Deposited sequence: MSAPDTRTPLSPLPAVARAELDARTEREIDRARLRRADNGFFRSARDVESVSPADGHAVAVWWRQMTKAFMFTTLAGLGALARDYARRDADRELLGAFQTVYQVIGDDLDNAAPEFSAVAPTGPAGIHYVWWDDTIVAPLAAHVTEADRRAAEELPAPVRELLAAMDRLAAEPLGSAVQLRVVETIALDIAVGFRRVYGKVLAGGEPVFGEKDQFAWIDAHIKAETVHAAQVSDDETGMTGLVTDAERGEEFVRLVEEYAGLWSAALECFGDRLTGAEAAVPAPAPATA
């Protein structure tokens, strides 16, 4: 009564989706955040702090709206009869959300704090934002929380995706493609923040959030297209990926702009 598309139609949805991500210029060699993170010689505490505050809000919104999007899919499946292949892909989304919410993967539980302190936006706030905030004034702290326009547009697409039954599939499909390059970028950026000529992040353990993400993405991610049940949902999927990818690309370009200002 409710099945994925045959594997041939799905494979072409995957090729259309990867071409969407190419066209959005989200690849390692294309996007201005990755290039700036390699290129800049140093990063000021104020610039690093501001990017860290933006990322905190973006990662918080990614986690909660992806879960909300799984909620929307669950409302449908409560009354329909999803077959096992659909149920397996639904499970994958649940477990991938669980990394950011509860450090389900052993790569994260080995290093993350326990309880709510380990939620990834909170863990980022405690170990990346806070030491940077020690080195910016109160004025700059308030200014950093006035999010730039491309960041607000991304957050708003995420709220729209929180209601879609395909929304958690779109978000995970784009973010898990770019997560590794984002985390490596962060490792390069925060390795270059100096205050008074000394590194703000001087101890290895201070990078634990970032090093854990780099390792989890190097190793790991029933794919996301396994949640598409017909042809016209497939069109909807590709259309939503193109939009969401574009907004991620523009948000990441704002990080690169802030590091080269």
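Visitor: Please report every deposited-sequence interval that has no C-alpha in the structure, sorted by position.
Guide: In the chain as deposited, 1-8, 230-236, 277-289 carry no coordinates.
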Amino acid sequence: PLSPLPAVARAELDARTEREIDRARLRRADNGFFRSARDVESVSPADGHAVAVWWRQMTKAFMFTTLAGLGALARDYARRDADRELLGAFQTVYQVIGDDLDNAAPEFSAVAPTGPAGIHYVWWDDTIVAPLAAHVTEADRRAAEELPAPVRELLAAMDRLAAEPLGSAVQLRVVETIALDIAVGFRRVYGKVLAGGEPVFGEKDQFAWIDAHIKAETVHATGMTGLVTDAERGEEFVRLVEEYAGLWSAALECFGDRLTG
From here on, numbers count along this sequence of modelled residues.
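Visitor: Is it the case that, in at least a third of the other entries compared (those modelling both flanking residues), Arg28 has no coordinates?
Guide: No, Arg28 has coordinates in all the other entries compared.
Visitor: Quick test of your reading: does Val219 have no coordinates in a third or more of the other entries compared?
Guide: Yes, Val219 lacks coordinates in at least a third of the other compared entries.
Visitor: If you take the mean CA temperature factor per stretch, which one wins between 125-133 and 81-89?
Guide: Stretch with the higher mean C-alpha B-factor: 81-89.
Visitor: On average, which has the higher Cα B-factor in the deposited entry, 102-110 or 176-184?
Guide: According to the entry, 102-110 carries the higher average C-alpha B-factor.
Visitor: Hey, out of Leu67, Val51, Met58, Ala195, whose CA B-factor is highest in the deposited coordinates?
Guide: Result of the comparison over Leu67, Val51, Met58, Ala195: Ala195.
Visitor: Would you mind ranking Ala208 by its C-alpha B-factor against the rest of the chain and naming the third, lowest, middle or highest?
Guide: According to the entry, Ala208 has a C-alpha B-factor in the chain's lowest third.
Visitor: Based on the deposited C-alpha B factors for this chain, I'd like to know if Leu240 is in the lowest, middle or highest third.
Guide: Tercile = middle for this residue's CA B-factor.
Visitor: In terms of the CA temperature factor given in the entry, to which third of its chain does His120 belong: lowest, middle or highest?
Guide: As the PDB entry reports it, the C-alpha B-factor of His120 lands in the lowest third of its chain.
Visitor: Pull the Cα B-factor of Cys254 out of the PDB entry and bin it into the chain's lowest, middle or highest third.
Guide: For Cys254, the deposited C-alpha B-factor lands in the lowest third.
Visitor: Thinking about Cα B factors across the chain, which third does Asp30 belong to?
Guide: For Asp30, the deposited C-alpha B-factor lands in the middle third.
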